[PDB]
Structure formats: structure tokens, C-alpha cells
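Per-chain residue numbering starts at 1, and chain names A, B, C, D, E, F, G, H, I and J are given in the order in which the chains are listed.
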Amino acid sequence: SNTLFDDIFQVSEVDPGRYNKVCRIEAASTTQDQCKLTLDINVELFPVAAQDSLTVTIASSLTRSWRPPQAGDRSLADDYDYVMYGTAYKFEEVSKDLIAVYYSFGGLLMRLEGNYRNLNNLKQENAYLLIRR
Amino acid sequence: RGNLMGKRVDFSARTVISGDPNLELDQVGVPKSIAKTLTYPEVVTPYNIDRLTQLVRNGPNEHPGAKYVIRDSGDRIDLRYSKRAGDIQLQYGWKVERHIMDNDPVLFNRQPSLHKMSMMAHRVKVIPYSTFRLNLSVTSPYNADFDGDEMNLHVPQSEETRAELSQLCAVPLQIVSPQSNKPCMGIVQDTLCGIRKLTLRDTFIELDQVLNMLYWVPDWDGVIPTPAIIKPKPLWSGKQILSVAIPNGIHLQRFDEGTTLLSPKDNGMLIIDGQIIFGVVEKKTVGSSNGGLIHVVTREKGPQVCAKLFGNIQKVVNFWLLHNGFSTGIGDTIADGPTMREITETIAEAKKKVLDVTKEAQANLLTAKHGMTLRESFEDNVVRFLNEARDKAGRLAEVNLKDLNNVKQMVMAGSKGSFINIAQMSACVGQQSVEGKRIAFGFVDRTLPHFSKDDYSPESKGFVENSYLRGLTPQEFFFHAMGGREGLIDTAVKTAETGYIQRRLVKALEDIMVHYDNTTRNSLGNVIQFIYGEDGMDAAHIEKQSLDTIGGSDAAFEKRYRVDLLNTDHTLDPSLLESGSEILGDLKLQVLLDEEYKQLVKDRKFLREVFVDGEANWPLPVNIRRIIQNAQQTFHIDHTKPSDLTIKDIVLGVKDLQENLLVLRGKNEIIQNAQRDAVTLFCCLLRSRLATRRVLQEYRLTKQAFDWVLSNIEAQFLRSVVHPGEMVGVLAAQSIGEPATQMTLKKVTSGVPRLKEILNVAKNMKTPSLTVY
Amino acid sequence: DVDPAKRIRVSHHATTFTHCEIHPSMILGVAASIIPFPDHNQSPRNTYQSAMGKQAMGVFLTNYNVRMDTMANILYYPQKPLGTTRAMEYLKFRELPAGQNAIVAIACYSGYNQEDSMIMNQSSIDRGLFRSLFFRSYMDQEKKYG
Amino acid sequence: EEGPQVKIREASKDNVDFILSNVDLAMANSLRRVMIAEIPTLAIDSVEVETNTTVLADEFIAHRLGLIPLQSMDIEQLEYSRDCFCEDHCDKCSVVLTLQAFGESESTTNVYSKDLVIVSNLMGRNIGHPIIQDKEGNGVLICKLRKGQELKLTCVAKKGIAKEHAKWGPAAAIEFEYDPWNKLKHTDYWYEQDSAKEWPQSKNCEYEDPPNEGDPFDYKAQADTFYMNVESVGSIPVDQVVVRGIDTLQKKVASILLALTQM
Amino acid sequence: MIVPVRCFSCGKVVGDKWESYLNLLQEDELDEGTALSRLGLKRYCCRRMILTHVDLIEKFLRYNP
Amino acid sequence: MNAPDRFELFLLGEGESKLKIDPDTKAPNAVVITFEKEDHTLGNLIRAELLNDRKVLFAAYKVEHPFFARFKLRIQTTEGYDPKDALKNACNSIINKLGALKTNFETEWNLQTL
Amino acid sequence: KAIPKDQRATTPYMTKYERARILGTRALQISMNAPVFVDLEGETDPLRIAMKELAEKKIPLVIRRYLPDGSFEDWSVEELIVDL
Amino acid sequence: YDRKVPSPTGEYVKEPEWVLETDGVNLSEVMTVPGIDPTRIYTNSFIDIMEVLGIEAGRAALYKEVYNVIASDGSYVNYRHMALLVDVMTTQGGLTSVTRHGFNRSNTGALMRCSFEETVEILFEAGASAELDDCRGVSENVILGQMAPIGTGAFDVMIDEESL
Amino acid sequence: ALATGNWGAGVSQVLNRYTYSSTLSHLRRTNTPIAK
Amino acid sequence: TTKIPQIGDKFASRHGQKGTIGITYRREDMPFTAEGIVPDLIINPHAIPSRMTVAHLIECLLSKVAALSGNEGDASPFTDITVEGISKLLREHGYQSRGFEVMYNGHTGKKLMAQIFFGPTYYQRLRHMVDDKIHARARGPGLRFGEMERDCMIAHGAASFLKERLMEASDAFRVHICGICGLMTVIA
């Protein structure tokens, strides 16, 4: 029962650095020129290219072990394509006037930079990451 | 005297050893045939009448058996020959000499044993085939391999004797050793190579294989961790599963060259609550390194949990490696076509520099360097040129090799490998040398009859241009063999000399022990150290820590520690502290804060005198930074709200704690001073770590977390004091001799030759030097 | 214009030559003459080998069944090494060899082959791989002056 | 017939090149293993030596004897000596053979498996006949005799399985491949300059469609379509090695359902 | 001593191909590689078995007793 | 000498059963079965099939030490669904699967010339 | 030469050597059917029982710590704090 | 040589300095030469350092020497081990070597491992001088059937008439 | 002397026969009793 | 006596590195090649970098080519044979020129993510076998415990163990002693 962030980004770079399945994207945000994003993505399961336009929603719902099927016929809280799930080892840098946060997806890292998220994001593990089209 | 030399070695066996990925760190596989030979006398008691009665029935030929039953009268009934072997009625108080069984504590040892860690206690695991089996990580403390090594197993014979082994010698209690205040056991070879390949970002595991991996970790809790990727494919991270082998409450932070909180290179290491958040896992994290994962798990969870840790990790990685595979072939030693050309030119450039200096010398234009001969300095430059070549040639090959290159994969993980190796295999082998010089003119004015007289070129005097891959010319081959023989000869020497030095050191210190007064004395009762190690601490409880007070500019020192309640700018902002606003301009508190600052400034002076160098990292007990990282995780301290700590809380709190870090207790004046001295360095670390601004601005501790930090520091500290009865002398001798049995190879005297020269107090040194400033 | 795969050799700046080596590989003795590509190994390893070749099992003589000596080890199925040496011909190595040509895999498999140990194929052992005969013979007499 | 599906390419008395499709890799493998280790067979497992003046040692010869493939067509109609209710060996559980040879001529006299002679009663079941496939009906060369030397042995064939000793194995080798076009990406090709140019394209690349340049990785494809080839050693018809392979595997699982049952 | 009965690695029967191999060489003047392939020894594990064998028995038979 | 007889790989010694079923505690609806005298051949098999069942929450196997012939199988299933049954199911499902394969093969065999 | 219960300057904490010897002494006794002072919630292995007695401070033993000069201090196993 | 020194602002900075390295030693005389820093002169001959600067300086040097022999191979050993060695070699006011000085002793007991097939003589002298055996060694106590006053045996255990 | 190795030693030894090359080796071995 | 390869026995190639059998595996369990070829022996790659034993690797490459072509491989020192040369010949035979081959795990059938350097190499069975050194001496009614072993037990502070292990058979005799003169001149 929740959601925490939403917006669409302008991928300005997709670096694969010696990896063969992962790339580090850095897409600017449509709207607010402040909001930025750096993220690790498994390209093998959701390719990405420069100038693309991704919609990024955080959320935190729809820890107990996990089951595979059944739900695939039920709570399809996946109105997206790419779907990760990491933890917030978030260093609220409290840089200058903006506030950046960090997430860890099994090692695939992510970092948002804004300011109005003070009442938006968590300060605790649990947090899914969704992206569509 | 024939018995004062250990001959009649009863109750022990010896055999070839083999490695075993499925044994726990502290076990030893004992072949059934050897188990039936070694016995332990166990008194018949109601707690064990059945087991014994059963063993006696199995007899001397079936494993859970026994060899003799001894009755009250001391009579010995031989179960192998005896008309009543199968008709015995044990009675309380009798003794049954049973075979050693699973879990008995036994002493395992590999000679030459010049380490206490070369004689540890293990738990028995009776197994089939002959040969003893060991967990791979118990390998280095024994300095053992499996190309034929043999080890001895001794069976403790009494009850107090069993206890001594398992309570003092057991492998787990030796993970962290005092010889170098760090673990002496870590993850190696296959498991090391595998753990790295498993931790890369590109490594993902599918559901089918994840469930197996999970199930392989015995301390797992049937809770399938949610995938790092849920999208079109439930995929798990390699880091995710390894994290299951690490227990809860483990935190770890380390920054490498260019590591950030986004470490692009997947550099560094960041584990939080037993979940690796970022960084590839290799030798710096899982090796026997200082602050690594094993040092931490031990100190934080205790010896047993750490021992189990080696096995859990081994089982996961070894499984992930069995199904991933790893290999190496000739292919891995082949460098890029263009690279080889860059290499040939690099060497060709070296032969020119050498050719020039020769023409120079032949015209008589070279100037000798003071206190040196023309020929001496000539040789010098030629050798510098030729090594510069081998080296730069080697770097060109190293850079080339891709991340697929198996040789490079092993080097990146930490498991066997090194530049020099890749350099000699792929690029130039280099200059040979005997007695520190190039190959000498053994024939009149020439190295081999194949050259002309007076030929000082690199090919003549021993430079091997080819790599091992290319092969050596015959002349290169012979020169490389001349150099080779040298190493074989003195390897024999170094060996012999070190073994006698080690036995002389032990003999000189054997009787030195730590008494109950914390004094270190010899058999006579003479004082050697008025307090062991000048600090009363046990070396296995010491860690390298950074004494901040000592580094950087003064502006920085002041920005960091200065708290001026009487200045709008240099006060504690009311957001870091609850009572922040009403503290502004508080005269009485400011008096407390000035005492704290004057003390911090004295400390800095003091430290700068002791470590005139400027060095800040020194081994000290109680790892404060770790204690604080724990507090912040334990009390989920939010870095957003202001703390409820008072300035009196901190200042007076830290002040009180210092009066509790006790090494000595005597009530008189002398001892109390000795006590203040012994705790001086640690207290400087303490005061700089718990300075008011630091506690509120950096750590953000709440009154609860803070009070927790203070009591932990006291607990750990007291747990770090050395125990009276410590055979510190033998400990010392062995700690110096053991590594001196590892030295093998700018013009002075080092290595064993110099060490022997020292211990001998020779009035005729070989290299009497003076250094004048 | 030169083979980049070959090793780097020096030049023939001579008009003085009085002799020429029959063949450079003849600087080696018997044991080392059995090492394949010895010129591609680090020097001390050649020495180690030369020691071990003397601890191998072969067919010391074809008349082993008729001699009655203290100890003897005869390999069941000796094989001539796929990788030979030219000197190896005068040493009769192909005639009276030691060892066999094992199909070898350099790999990290179950973990049971670390720190210098090996994983051997049990099925190959059943079919005869590396079996050997061992003969020990005891001697004894009768009295002396009494 | 809905399910695993065989599709034979080659077939002869020795090999059976085929293509398993629509199956789990796990099953292809278990079957692959079973053929190598658990298909019953008859083989010499005891040799009594009356006379050996040959140049070889008894155990040396005996070892070879066991390696000589024997007729194991009706092996099921034979019981394991361990189950049999006799005392040691009998016609119900064993085949006895004899070997008598004498160096008569001055030329070296050879001894082959053909020279083996059954002495027990085969009761009509094709079993124990030494297999012969060479172009001269000689069989395996067991020993060589100089004039004057002799060899009088007595063997005893028994039912067994590879797990116990590789002599009882009916299989010689078992080719096995899948995804010849590295599409599932199960392996990561090692290379110097070009993955493709440096790695030999396999036979089975012809029986499949090379992936297309721009297709994104197919992450839901599993492993079906396994290209196998079974080589029989003779103790049993190739077709049988496979068939009984599936059979034993089948009986195995069966022995388990029956375990839960009487449990 | 004599032709191993089988290929150590795979099990292939090989002890019934020694004489043939010998003939393929003498009376047919073929080369070992071509000879071996004609006897069906296609994989190197089986090839090495025959190509590397040393028939020392032919020398043992030369002793009188 | 210390080497055990080879038949001990497939022959149940005395006092041993083909299966030992134990209830898992760490989790609900979980069982741990010990197969004596069996290896990866059956292990990876029953595991793979067990995984095709959707009402199955967990399935993994492992032979703790190559010296001994036995493996452990842990199955976790949906409430109401007995793990013991999923096994029976996986088994039968396998047995059938093979029967078909057997046929198809003997069928294709005949259509071959040689 | 004995030192009064007050004025002892030796450690309030038990040393690993004392723990090792006490457990071994006590275990020996339990191995010889000597009376036990705790409830064996299933234990049968002497040392294991001894460890239980220690944790519950029910081992009626005293440690005599000698000083290099000859004097000594007496600490009851009960007194000694066990943290190692 | 480069030298870490405090700069005027406080942070350590490298300040290169010319240093003289010699072949031969005469500390007392060179130490006195004008133009040098007698405060920092050094020599690897800890024997001369002792004779000119005293035993405490001798000790410090001996530690620096031993320590270098171990750092030369990159190896590391906790300070206290080398320190204990250095204190033993220094306790009696002079540099007492360790590589076996005495033909009889170092710190033993006229009972421990009978050295030289003529232990008799070791005992004859012990008698003639009234040698007092402390009995702290392991062998002496083995000969006496007792456990050595070390580690696990550096204290006695006794019954307690307190336990209720 | 030929049975011992007593000349004026170890000069005489039992011939190695472990392997054929080991025998050839022993027969061409050299010894140096007792600057570099 | 016939001696069959067992765990603990020593083996070595001709490049100065021996090893003992750690465990034996049956064919089914071994890893395999597409052609169904299985290894008679598996050694560890970690024993390659540091030994600098490149010849072992080249002997392998050479030996593969020789077996595939029935020609004797020339591994003679100081000749013009090359890895490039050998790699070319092996390639002509349809194999990946540097000795690697795709392999599948024997417990699963699934490929290995890595390819394996596979080929024949000459190995020697050494003497001195397990069953010859297994000596186990336990009398109730190396392998020694000497000075070095004792120093280790002293360092551990294990005093009673040292007492138990170093004490001889001799009977524990009871004597009386004067407290004034430390002599056994007491009449009891």
C-alpha cells in the first residue's frame, strides 16, 4: 500500500565499462532541471540507449520467503517492464541545498539527486524500482 | 635423557594429508584404520554405560569399538583374545579403552613446528580411505600442501588434558594470532578465485541454482531472499547469495583508490547487517587481511561462529565454482601481436642505451661516481637499463591481457600470481646474476667460448631477452641455470641457518612469563618488562587504528574539534543537538568545552613527539570505529533529527570512562602512575574519537547509543588485557623465528645473515655503516 | 620479415670460427634430456624434475622376472611419451619408458584438487591406468663358526 | 507421442546418433549417466589359475580377462550371485569358462578370447559368448606364449554394473551437446581477437538457426534439443544401451514410490 | 607389456586391434595416423592407447625359462 | 585397506532405508528426505521435476560428501499440499515422461536401416 | 604469605588458563561419578556438564594466585567474573 | 632522502635533505665533526651506539636493526615480540648475545635436559656453589612428576568451604 | 674396498635400478669431496 | 604385489611438480567434452602462474596434435617449433588452437561457463605410497614429540598435557622429607 517517486528521464549516457550485461546510465529529468539519476541496469533483460526516455517509479509495495507463480495470475502490481528491488544504504549527502539518496540492488547501484524528496523516500531497505518503455 | 627427547610417542599416528572442501575448519578426517588403533580410556559411568557396553561388543575390529576393558583391580581384559570378549558386564568405575570417535579433541601437528599454530586441536571425523584430511583454510598456519606432506595426530589421554586442548589449542581460538595482531587463517585458492567471479556485477543466478546454493549453507533459515531483479525474470545477484553465508550484525567499510558511494569500478567493500551492498569480494575482504571480514566476524561474533563462517563460504562458492568452472592454458600467456612488437622495441631501446654507455666508456668519457670505479658505475648503469627494460616490457604485457585472461583472473583475486611471473612468461625473462653481478668471465675474458674476448654486451654477460613462452637460446639457458643454481644453494643455507636461529631464540626466552602483577619476568624472578609490551595488552587483541589528532593542518584540527558556545559561528548548530539553542553563550559549559580542547591540543603535541614521522595508524586495542558503526545500526539512528545528548553527557562521560580502562589495580602512587602511562596512547585515540563535535556532528549518537558505546569500549578493553600465565617468551621467540623461515632472495646485509650477525652481537660486522645528517 | 613467434637470437659477426657445436642440446645430461621443452621452464624446475625421474616407475630391465633383487616396481602398461626428445633416442626411453599419456584437464572442478593434489578418474583406474607390480625379496642363511 | 522425442540420424551395430527433444536437461543427463554406469552386464569376476608359465603375472592376466566383453543380451534372465540362493556360484547366477593354451609351435602362439570355452549350462539364454568384432574372429589378444609355456585358467562370469567396476560397462563414450549456437549463453567464449573466428563451429550448427544480429537476448528459452550419440562396446546391441538406460532409470524412481508406500 | 584390453578413458575395446594396426603399417605401408583412423580410433583418447603402446612382451618371450 | 567395498555405493547396508523423512523446522510445510545409496542421477532429476510443480515452494538437493553415496532432498509446498505427495507426483510425472521417451525411441529405431 | 580479601590488586576477571584448568578438574571428577551440582537438562558429557556448573557459578573451587615474591591471593570461582 | 616534516600551516610535508652514508665506523669521532646534526647521527653497529650513547640507546638501536631485518621481506611482527627479545639482550647493562654463549645454562636447572654425556659435572658444580633450582622449567618438573608453574599451572586450585 | 667405498669415502655404491634412465644416470655421476 | 592407484599416491609430470591423488571420481561424475571425452586426471590451474612451468602447457598442446595425427611430437630444446606452429596444426584438426574445449558438468549435463585446457600429458607414478607411511603407534599396556613440539605446547600454556605426555612409566613413589634439610632421611 504505497508509492514514493515518479518522473521520466532523459538518458544522456549509457556506459558498459568492461561488463557484458550491465551498464551505468545517467539520465537527466524532464521538468525539474535539478533532479538527476545514475543507475546500473541489466541491459540483457532491458536494453537502453542514449537519448531514450525512461519513466522511473520507486514505490515500496505490491520479509517472508517469495514465491514464484500464482501471483503472476494475481497481484500484477507490475504495470512496468524492468523491476528491481534493493536496499537503501542511503547517504543523505545533504549536499549544498539538494538531497541525494542511494539504493543497492544486489550490487547494482542507484543514486537520485533532488530536494523535495524529504517526505518522499525511505531511510530503510525495502524499496522496489520500476521502469517502463 | 633418552626419554627427555620425546621418543616413546604413544597414542599418535602419522600419514599423508589431503585437502577437503567438505570438512569444517576445526575438523580432521581420521581414516577408520587409524581410528581403530588409537584409544581413549573412558571411565564407566551411568551417563555412558550403554554407549560403552555397545562399543565393547563391537570389539577391536569394528569402528565404534574398544580394545580393552579394565576392572577395579586394575586388571586388563584384552578384547581381541579373550573367551569372554562378547560376555562382559561393565560396572561403574571401570574403564573402557575405546577407539577415538567423532568429536574427540585431538592434537594435529606438522613439522617442523616453529609456530604454536602448527600444533592445534581438532575435532575427529572418522572417514574411509587412508590419509588425514584438512579444511583448506587451515593450510597456511601449518605451512602445508598436498604433494606428499605428512602430519602427526596425538590423542589426549586424560579428562583435564582433553579440556586443555579444546579450551586453549582448538583451531577456532587461533584464527586471530598474536604474532602479527591479525588472522593467520583466510579463504584461499579455489574459493578465492571463485568468490571474485561470483561477486562481479555481471554475475546473476537463476532460481533453480539459487535454491541449491541456499540449501548448501547449513545455517540457512529457509527464507528465500527476494530477487535483486523481479522484472521479466526472477534473477538473483551473486552478491546476494554470498551474503547469506555472512551472519547478521556484520558491518564493513573500506575505500580503495577511487571508491565512492557509487564505486563505478565496483571497488572497495561495503557490508551492512550481513548484506554486501557493493564491491567485488576478493583477498582484501576475505583473505587473512587486517580489518577484513574474518577479523571482524571473529571479534564480533566469537571464534566458533567465525570457524563456521569459513565452511559456509567455502560450500557456497565451491558449489558455484563447480558449475561455472575455471581453467588456464598456453593461450593465457600469449600477448597481443602489436603488444609483442611494442615489447621487442622496448628491449631494443634498452640495448641502445647500453651500447652508448659502452662507446662512452671505451672513449673514456664516463665519469666515475664518487667512491666508485669506472667499471663499477658502468655495470651499475647497464644493469639499471636492463631491469628498466624487463620491467617496462612486463607492464606492456600486463596491461594487454583482458579480464578473460585466466592468469589475470587469478592475480586479481589474490590467489597465486604476481607481475614478475606474468612478465617472465609473456615478455622478457630478464637479467641473470650470480653474487649480485652479471655473469662473470669464467673463461679468460669471456663468459662462454662462443663469444669474443672483452665483450660486455647484454647478450654476453647474461641478459635473457626471451620470455618462457618463446624459449631460451642455449647461451640464455646456461646463464639462467647459473643464476638458478645460486638460489638452490643458498635456499639450502637459509634453510639450515634459520632452523638453528629459531632454536636459539626459543632457548633464550623460554622462561619468560606474565605474572599476576602484569610484570614480565624470567625464572629467577627478575623484571624484564615492568608491564608486558609496555601496555599490558595481548597482541591477539590489537588492531591498526588511525590517531586522527595527529594529521593535517591546524585549521582542519580546529574545524573538527573546536566548540565555542560563545560564538554564533563556531558553536554547535541547534540541529545537531536538542538543547542546541539554549546552549549558545553558556559560560559554565564553555569551561568544560575548553578543558576538552586544551586536552586535544596537548594530545596532538604529544603524539607528534612520539611519532616524529607523522604516522597515524598504530595497532591499539578496541576498534572504536567499529563499535560506533555498530551503535548506529543497532539503534537505527536517523541522521535527520537532533540528538538528545547533553554536553555534560559527552565530556563528563568520556572523562569517567577513562578512569575505568584498567590494566593495573594496585592502590599506591607508583602503580597508579604506571596505570596512567600504560593507558596513555589509547586514551588519546579515545578522546579524539569521542570529542563533542565528533559525537554530535559526525556520529549523531543519541543518549542511548552513546551510553552503549562507552560500556562496550570498557568491556572490549578489559577483554584485551593479557592473561597472567602467558608464555610470552616462547611466544616471542617463535613470532620472530617463524617468519625468518620465509626470507629468500641496496648494498648492505639483510636476511638471515644479518639476523645471525645481530643475535651473535658480532664485533666484526660485514657492513659497518654510519648515517650522518 | 622475421617469424614473430620464434625466440630472439643473436647475429653471426664472426670470421674467426674454429669449431661448431654438433648440437647445443648436448650440454644436458641423461635426466634432463628427458624433460620436454626444458628451454621453456624456469631453471630450478628442471633440476627438480631430474631428481624425480629417478623416483618414477618403468621397466628398469626386460629381464626383471629372472633377477632376484630387494625391490622392484614395474608399470603394467608403459607407454612412450607423445612428446619426445631427440636425445631420448639414445636413452632407450621409447623402449623402456616410465609413465603413461594421461588425458589431463587443468580445471577447478569439485574443489578436491587444491594445494597440489589431484582428482584421478576411477574408471580409468579400473581399466588399468597406472597399475604397477611391486616385488620385494627376502634373504636368509644358516650358522657361522660354532 | 507427446513428450520426449527421439529423432535418429545414424544407426549401426555400434553407434546410435540421435536427437532428444522436448525434455529437461536434467533428464537427458540422468539418462546419459545411467547408460555409463548402471546397465547390468556379464563379465569375468573370478579366475582360478592352475598353470601360468607365461611371461605375465596371474592378477595381470586376470585383470584383462575381466575386461573382455561377454554376451549380455539376456542378462536379465540371470541373477546377481548376491541374491541367488546357492552357495557361491551356480548356473542360475553364473557362467563358467575355461582357457587352456600351450606353446606348441616354435613361432609365438597367441591366445585370444575366442579360445575361451563355456563350461556351465546357458539354459538357452544368449549369454557369456565372448564378443568378437574384428575382421578375423580372433577377439581380444589375451596373452602370448613362447614354445613350452602354458596357461590353464578357470573363469566365472557374473552380473554387474559399472558403478562397481568399469569392466561391467556397456557404453564406450557418449557424445552430448546442446545449443550449438551459444544462444542460451551458458558458456562465455575465451578469445584473443574474435570469439566467432577462433572457435570451430560444430556439426549440429547445421541442424539449427543462427541467431539474428539485432535480436535481444531471449531470456525465457530453456534447454531442450540434445544431440547425443551412443557407442556400444558389444556386450549389448546399441539400441539396447539406450532403451535399458531409460528402463533402469525408470525402475529407480519406481523403487522410490514403493519406498514411500511401504514406508 | 601387451595391448591394453581397453582405452583407459572411454572403455572402447582396443586389445583386438594391435595386429591389424601392425599390418596396416608393414604390408600396407600406411602411416600411423591414417592407420589409426581406419581402425576406427577417432578420438585421441583411444588413439594414444595404440599409438603409444610398447610391446615389451615380444622381448620377454625371448628368455628361455 | 581403508577403502570401502564398491557395492556399498548401490547396496543398502544393514539398518539403512532408502528414505528417511524428517520434518524441517526452520520453515512450514518443509521436509528433508535422505536418499541412501543414490547420487546425482536421481537427485538432480527429482529436483528438476519437483520444480515444474507450481504448488511447490522449495526444492534443492546435495551430496554433502563424495565419499558417501547419499543425498538430501528438501521440499517445501503450499499449505494443504503435502510435500510427500509432491514427491510421489514428481516421481510418477518422471516415470511417465520416460515411458513415452522409451517408446518414441524403439519406434524410430525400427525405421532405421542398418 | 596470604593477602586479605581486601587489598587484592589482582584481576577480578578469570583468566583463560584458570577456566581451562577448573573445567578440566571438575570434568575429571564428573567423569568419576562424583556428585554433580546442577540439573542435567540432557547433558551426559562431563566437560559439557562442568561448563554448565561454571555458568551457574556452582563450582565450589578456589584459585590460589601466587605472586613472583611468594605472597598470594585467593579468589573463589564464584567471585571471578567470566568474560573471555 | 625525503623527510616528512610539519609545515608552518600544520600538515606534514616532504622536505628532502642530503645525508651521508659511510663504509666504516667511528661514531665518537665523526659525531663531533662541525657541520652535522649530532642529535640524529646513526649507525647499524648497535655495539658502538651502546659504547658512546649508553645501553638505553643501545637497546633502541638493537630494536631498529632487528626490526629492519623483518621489514626487509615485507613481513610484519607485533612490536612486543621484538621488544621482549631486545629487553632480554639488554637487562644486565650490556649487550648479551643469544646465539648460545654459555656451555652450561642461559636460564635452566641442574635437572633440565641432561646436556653433555657428563651431566655429572653440571651437578658437581651446582653442589660446589650451592646452586638453587627454582623449579619453574618443564623438564625439571617432569623429572619430579609435577606440572610446571606455567600457563595452566601457574596457580593452584583448592576446595572452597563457602559454597552453600 | 669395492664392497664398502673405503679408499683413503662413499666411492662405491649399489647401482640404482628404479628406472632405466636412473641407472644410466648413476653410471655417469660425479662426486666432489669437501672456493665456490 | 599389484599396486592400484589410490588416494594419497604420488604422481608428477616432467616439469618438477608432484601431487597426490586427493580423491577419485567415476566417469559419470567427471566433466566431459562434446565428443564424450573425459579426463583421466584433473589438476588445478592455481599451480600454474607461480611455477613458471610453460613447457608443461606446451607439451600438452603438442601432445594433443600428435595424438590426433599419429606423429611423434618433438619437444626437443633449441629447435624452431612454436606454440603458433603447434596451434596452427591443432586448428587444422578442427579444435580451438590454444588447447581449450567446451565442457559439461557431469552431475548436470549443463555446460561450464568457462572452457577448459584439455589434452594429454605424460605423467609418472612415483614410489613411496600411502600404505607405506600410515604407521600408527598406540601402545597402552617423524611422529615424535620433541623439543619443538614441546615449545608449542608451552606457548599454548597447556601444562598438564606437557606433564601427561612427557612423564615416563616409572612408578609414583612416596617418600618422606625433613622440612629443615631437604633430604630423604626421614624414618617413618
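Heads up, the rule we're going with is that a contact is a pair of C-beta atoms (placed from the backbone, for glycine too) under 8 Å apart; a residue touches a chain by one contact, two chains touch by 3 or more.
Trainee: Strictly by the touch rule at the top, which chains does subunit B share as contacts with subunit F?
Mentor: A, D, J
Trainee: Between B-D and C-E, which chain pair shares more contacting C-beta pairs?
Mentor: Result of the comparison of B-D and C-E: C-E.
Trainee: Indicate the whole-number Å distance between the mean C-alpha point of subunit B and the mean C-alpha point of subunit C.
Mentor: Centres of subunit B and subunit C (C-alpha means) sit 39 Å apart.
Trainee: Quick one: subunit B and subunit H, Cα centre-to-centre, how many Å?
Mentor: Roughly 26 Å, centre to centre.
Trainee: Rounded to the nearest whole Å, what is the centre-to-centre distance of subunit A and subunit I, using the mean of the C-alpha atoms as each centre?
Mentor: Each chain reduced to its C-alpha mean, subunit A and subunit I end up 78 Å apart.
Trainee: Among the residues of subunit G, pick out those that touch two or more other chains and give their numbers.
Mentor: Residues 17, 20-21, 24-25, 65-66 of subunit G each touch two or more of the other chains.
Trainee: Show the residues in subunit B shared as contacts by 2 or more other chains, in ascending order.
Mentor: 4-5, 18-19, 31, 33, 129-130, 146-147, 158, 160-161, 164, 168, 189-190, 193, 222-224, 232-233, 322, 325-329, 331, 334, 424, 468-469, 471, 473-474, 477, 510, 515, 525, 724-727, 731, 733 - these are the residues of subunit B that touch more than one other chain.
Trainee: Can you list the subunit C residues in contact with two or more other chains?
Mentor: 5-6, 24-25, 34, 37-42, 44, 46-47, 53, 55-57, 59, 65, 73, 76, 81-82, 96, 98, 100-101, 103, 105-110, 112, 114, 116-117, 121-124, 127-129, 131, 133, in rising order.
Trainee: Using the touch definition from the top, list the residues of subunit G that touch subunit B in their complex.
Mentor: So the residues of subunit G touching subunit B come out as 7, 9-11, 13, 15-17, 19-21, 23-25, 27-28, 31-33, 43-47, 50, 65-69, 73, 83-84.
Trainee: Going by the contact rule set out above, which residues of subunit B touch subunit J in the complex?
Mentor: Per the stated touch rule, the residues are 3-16, 18-19, 31, 33-34, 37-39, 67-68, 76, 97, 107, 109, 111-116, 118-119, 129-131, 146-148, 150, 152, 154-158, 160-161, 164-165, 168-169, 189-190, 193, 322-331, 333-334, 406-407, 410-411, 415-418, 421-422, 424-425, 468-469, 471, 473-474, 477, 503, 506, 510, 725-727, 730-731, 733-734.
Trainee: Which positions of subunit C touch subunit E when the two form their complex?
Mentor: 59, 62-63, 65-66, 76-82, 94-97, 100-101, 103, 121, 123-124, 127-129
Trainee: Across the complex, what residues on subunit B touch subunit A?
Mentor: 199-202, 204, 207, 222-240, 261-266, 270, 272, 275-278, 403, 638-640
Trainee: Going by the contact rule set out above, which residues of subunit F touch subunit A in the complex?
Mentor: 27, 54, 57-58
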